[PDB]
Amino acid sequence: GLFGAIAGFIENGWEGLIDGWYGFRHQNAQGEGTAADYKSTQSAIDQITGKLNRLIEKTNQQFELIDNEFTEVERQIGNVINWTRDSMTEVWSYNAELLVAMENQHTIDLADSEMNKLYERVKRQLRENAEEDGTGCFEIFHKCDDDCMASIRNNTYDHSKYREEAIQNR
């Protein structure tokens, strides 16, 4: 949903990609290929584990019996105890279902968001030497070889070094 990329302007995911959460697929002279982006992948993962540690923890709060399975306590106090216990079951089931729904919405959205951020950074590396396809593709208006491709991937790519050339073809 929220950031409009995953299950958005990207058609679908890649069963192919078993190496990370987000990646690049390239198409040049020397063939096709793919690879995982570590920085974005790590940021999603680190954030999700953040959630997990917050939820799998330790009550240090002891409770004891107020009640008795073997010799029932007196009815009046019995029924006050059960009514209280049932009210708390109502509270905790409500909290639990709500927490999980809430966190799930956010998990999904922060994953979508992380993909969108990765897109953005690349669009920006390629100032003017490419166009947005619209399906999550960058059409490169020059030739760019495997080595050049990896220069985008590993964030050391000079744009004004194909500028004259690429601006020409657009």
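Throughout, we count residues from 1 along the sequence that is shown.
Looking at 146-154 and 14-22 together, the entry lists the larger mean B-factor for 146-154, computed on C-alpha atoms.
Averaged over CA atoms, B-factors in the entry run higher in 156-164 than in the other of 5-13 and 156-164.
Taking the deposited Cα B-factors for 39, 51, 123, 58, the highest one is held by 58. Between the residues 69, 139, 64, 112, it is 139 that shows the highest Cα B-factor in the PDB record. Per the PDB record, residue ranking by Cα B-factor puts residue 104 in the lowest third of the chain.
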